[PDB]
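Protein sequences appear in the order of chains A and A'. A prime marks a further copy of an entry chain.
Read left to right, the first sequence gives residues 1460 to 1821 (PDB author numbering).
Read left to right, the second sequence gives residues 1460 to 1821 (PDB author numbering).
Structure first, then comments.
There are 2 protein chains.
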Amino acid sequence: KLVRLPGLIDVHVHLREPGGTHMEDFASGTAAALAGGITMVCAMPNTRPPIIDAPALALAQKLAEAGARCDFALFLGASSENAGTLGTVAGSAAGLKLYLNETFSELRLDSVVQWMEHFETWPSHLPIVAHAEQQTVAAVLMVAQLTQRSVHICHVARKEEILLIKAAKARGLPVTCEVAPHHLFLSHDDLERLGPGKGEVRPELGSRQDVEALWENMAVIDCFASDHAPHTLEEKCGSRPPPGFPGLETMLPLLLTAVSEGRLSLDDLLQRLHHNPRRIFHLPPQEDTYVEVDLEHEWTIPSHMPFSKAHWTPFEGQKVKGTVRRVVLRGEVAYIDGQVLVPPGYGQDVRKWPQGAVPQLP
Amino acid sequence: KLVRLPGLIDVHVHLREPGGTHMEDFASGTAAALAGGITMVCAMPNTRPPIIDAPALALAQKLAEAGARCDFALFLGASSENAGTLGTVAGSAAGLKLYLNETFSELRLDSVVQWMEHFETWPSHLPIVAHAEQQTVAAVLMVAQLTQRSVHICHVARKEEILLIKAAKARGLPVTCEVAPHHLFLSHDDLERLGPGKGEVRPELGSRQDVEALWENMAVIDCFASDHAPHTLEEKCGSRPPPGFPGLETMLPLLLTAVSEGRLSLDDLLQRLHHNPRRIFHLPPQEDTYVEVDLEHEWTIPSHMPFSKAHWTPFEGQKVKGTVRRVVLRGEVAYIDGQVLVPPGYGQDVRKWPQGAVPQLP
Ligand SMILES: O=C1C[C@@H](C(=O)O)NC(=O)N1
Ligand SMILES: O=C1C[C@@H](C(=O)O)NC(=O)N1
Ligand SMILES: [Zn+2]
Ligand SMILES: [Zn+2]
Ligand SMILES: [Zn+2]
Ligand SMILES: [Zn+2]
Ligand SMILES: [Zn+2]
Ligand SMILES: [Zn+2]
Ligand SMILES: [Zn+2]
Ligand SMILES: [Zn+2]
Ligand SMILES: [Zn+2]
Ligand SMILES: [Zn+2]
Ligand SMILES: [Zn+2]
Ligand SMILES: [Zn+2]
Ligand SMILES: [Zn+2]
Ligand SMILES: [Zn+2]
């Protein structure tokens, strides 16, 4: 009694390559993706070095082509120095990512004028996504309107933010958004269990009312995306815990549990993990690609999922109903019951496929 | 300087097969589709006999497999006798079509209770589309809510209707809609030129204010679809003119003209003729399929387009900028510069592809 799903897409992951400090890399992070029923990922640019220029993108592309086990696209990151310099490589990236709240020096924008410059210079037909919390959502929406183009808001986490976006959509404004599983299945009530170190994430865990508001406003949510952000326990439990949770291996089991409980439908799930990612980012179909899941078996999330090198999870102890049994990627068995079966380098950059270019006028 | 588009989808066509009275059939109608840059069509069930039971669907499937030159899915039609009888074939159809205003005896529903019965018995995961004008839009939305499921509204044609749907979307209700080109590019102002016979269509041509309201509310429109409804001039100019316009060959040139004038973007067009049709009807990707268009050349729509056996067009005399140059369907050249190059029967029923089943829980 298995259910066949299409190849699912996670448009927001951090795979820590290039980089020398973290354990996760393209090979381990994409193994985690496959084990979570994900066959395409879009990787964020806050790596070391960050993907803020053409040489860094070229490096990252080759590392991903050699390490990735599922298909991928790579974001470019906006900086205080690169507006107007990315035109030649822009169409090879997933899109442009703006970090509008806290981030590292290289990705910090110090003025809304810098946001305007990116919206004015990035090619108008290509995706722009923003890390934009609370009032920053309204501020980036204003910049998008001043420049007459769309914006996608990453990880919406608060009642305030989803209601703002709801109001913008009611006015016909071209805004889309995504929500991460930790903002649907964790809240302040869980900070006692997690502790202040493990609980650190940006956007932070919301109140019960924030969580309730996201569920109530599911119609406003275009995509689910994990914001897979691996850090080891040594980091999360240390003196300056970095924010973020691993999430590729838990996202689909959590959401399938919600489907089984009637909190959203299977279609609602597949719009948000397949059809809307495709259409917002113009990501191409994957031929001969599907995921088989088992909805009959209940299990408890353990202290760590098998594949992510984060080697911890904030969902430990939650009971889920829903298991990824098999993934077929482009005609090859990629995952069966806890074993990944495609090697590093099987994955490809979808922006190089003929079907994966974003359409544009001449 | 050609622009590559993906395979475009028209979710609302009338191809008049099975039937003995009209000139159009699957072979000619799908030639018209290819010449308009369309590689997949969903055909409506108001044929002769109408597609209101399993034997009629089986017949229509074989006629389409033998005649179609592009890929297709076939709608089932709701009748006063078939609620609760279509479960075994439902997933093989594009969806279920309800004719809630004027139609022929066999498709006429005489009570809203019959609409409720169809919404209650048709499988909940499969598409339902309705011909629903003016207050009928609100009535079918109520039935959808009473039965806790979605509905798609065909050919929205009026300010009244698009504002109703806008209000429903603002309340989070699961409703989508489509608009046809004649309701964006023709109005009452054109009835003088067309005359009462040629001008007959359902929904009727709107006022200038209706047309303006649809453009102003483009964000509310999920899909464009032609409602290709071929009748010959002998019929349109006769004593009891049937309603409908041919439209497969004009829809894309008209919309590309609007893109060139900045009335909507290329992305706005491709969401409405590719990505949203896919996601609302769970229509599968077409491998190795694309359309090449030329945006440089201005031409005037003639008295009839080359392929549709309707052999007339209400857009005669309008100037357009945008031409379909080449269509490749599943690796084969299907159309080049006025010549269709795939024979009748090249097209396939997409609901038989592994990727073309609608996902459902066990
Ligand atoms: O904005 C971010 C980035 C991320 C990371 O660890 O890269 N982790 C977070 O919690 N928020
Ligand atoms: O509802 C319909 C059906 C159609 C036809 O000719 O089949 N033509 C129209 O104008 N309206
Ligand atoms: Zn972020
Ligand atoms: Zn994101
Ligand atoms: Zn992130
Ligand atoms: Zn870290
Ligand atoms: Zn696209
Ligand atoms: Zn099982
Ligand atoms: Zn493309
Ligand atoms: Zn109709
Ligand atoms: Zn329709
Ligand atoms: Zn129709
Ligand atoms: Zn006729
Ligand atoms: Zn689908
Ligand atoms: Zn030319
Ligand atoms: Zn399918």
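Think of the CB as a built atom: it goes at the ideal place given N, C-alpha and C, for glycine as much as any other residue.
Look at residue 1549 of chain A': its C-beta is not under 8 Å from any C-beta on chain A. Counting C-beta atoms within 10 angstroms of its own C-beta, residue 1759 of chain A has fewer than 16 neighbours from the protein chains shown and is therefore classed as exposed.
Residue state for residue 1638 of chain A is assigned as strand, using DSSP reduced to three classes. Residue 1623 of chain A' is not a Cβ neighbour of residue 1587 of chain A', given a cutoff of 8 Å.
For residue 1534 of chain A', the closest alpha carbon among the candidates A':1542, A':1547, A':1554 and A':1604 is that of A':1554.
Within the region 1680-1720 of chain A, the alpha helix (DSSP H) runs of at least 4 residues that lie entirely inside it are, in chain order, 1692-1695 and 1707-1719. The CB of residue 1469 of chain A never comes closer than 9 Å to any CB in chain A'; the least such distance is about 18 Å. Rounded to whole angstroms, residue 1492 of chain A and residue 1511 of chain A' show a C-alpha spacing of 44 Å. In terms of Cα proximity to residue 1791 of chain A, the closest of A:1638, A:1505 and A:1749 is A:1749. Within the same chain, Cβ atoms closer than 6 Å to the Cβ of residue 1694 of chain A' are found at 1701, the five residues on either side in sequence being excluded. Bounds of the beta strand (DSSP E) holding residue 1465 of chain A are 1461-1465.
Collapsing the DSSP output to three states places residue 1754 of chain A in a strand. Among the residues facing chain A', residue 1811 of chain A is not included, as its CB has no counterpart in that chain under 8 Å away. Not flagged as an interface residue toward chain A: residue 1684 of chain A', since no C-beta distance is shorter than 8 Å.
Among the residues of chain A, none has a CB under 9 Å from the CB of residue 1807 of chain A'; the nearest is roughly 16 Å distant. Residue 1595 of chain A: member of the alpha helix (DSSP H) spanning 1594-1605, first to last residue. Shown here, residue 1587 of chain A' sits in a strand according to DSSP, grouped into three states. Contact check for residue 1816 of chain A against residue 1550 of chain A passes: the beta carbons are separated by less than 8 Å. Counting along the chain, residue 1740 of chain A sits inside the alpha helix (DSSP H) bounded by residues 1735-1740. Annotation note: the region 1488-1558 of chain A contains the following uninterrupted alpha helix (DSSP H) runs of length 4 or greater, listed N- to C-terminal: 1513-1526. As the crow flies, the alpha-carbon of residue 1715 of chain A' is around 12 Å from that of residue 1464 of chain A'. For residue 1728 of chain A' against residue 1718 of chain A', the beta-carbon gap comes to about 6 Å, under 8 Å, which counts as contact. Residue burial annotation: residue 1722 of chain A is exposed, with fewer than 16 other C-beta atoms found within 10 angstroms of its C-beta. As computed with DSSP, residue 1469 of chain A is found in a beta bridge with A:1500. One alpha carbon belongs to residue 1632 of chain A, the other to residue 1601 of chain A, and they sit about 10 Å apart. Between the alpha carbons of residue 1667 of chain A' and residue 1646 of chain A' lies a distance of about 6 Å. At a beta-carbon threshold of 7 Å, the residues of chain A lying near residue 1460 of chain A' are 1821, ordered along the chain.
Beta-bridge partners assigned by DSSP to residue 1625 of chain A': none are found. Between residue 1475 of chain A' and residue 1802 of chain A', the CB-CB gap reaches or exceeds 8 Å. Taking C-alpha positions only, residue 1657 of chain A' is separated from residue 1705 of chain A' by approximately 11 Å. For residue 1611 of chain A, there is no enclosing alpha helix (DSSP H); the residue is found in the beta strand (DSSP E) stretching over 1610-1612. In the structure shown, residue 1748 of chain A' falls within a coil segment according to DSSP collapsed to helix, strand and coil. Residue-level contact by beta carbon fails for residue 1543 of chain A and chain A', as no gap is shorter than 8 Å. Around the beta carbon of residue 1786 of chain A', a 10 Å sphere encloses 16 or more other beta carbons of the protein chains shown; the residue is thus reported as buried.
For residue 1788 of chain A', the three-state secondary structure derived from DSSP is strand.
Note that the C-beta distance between residue 1753 of chain A and residue 1467 of chain A is not below 8 Å.
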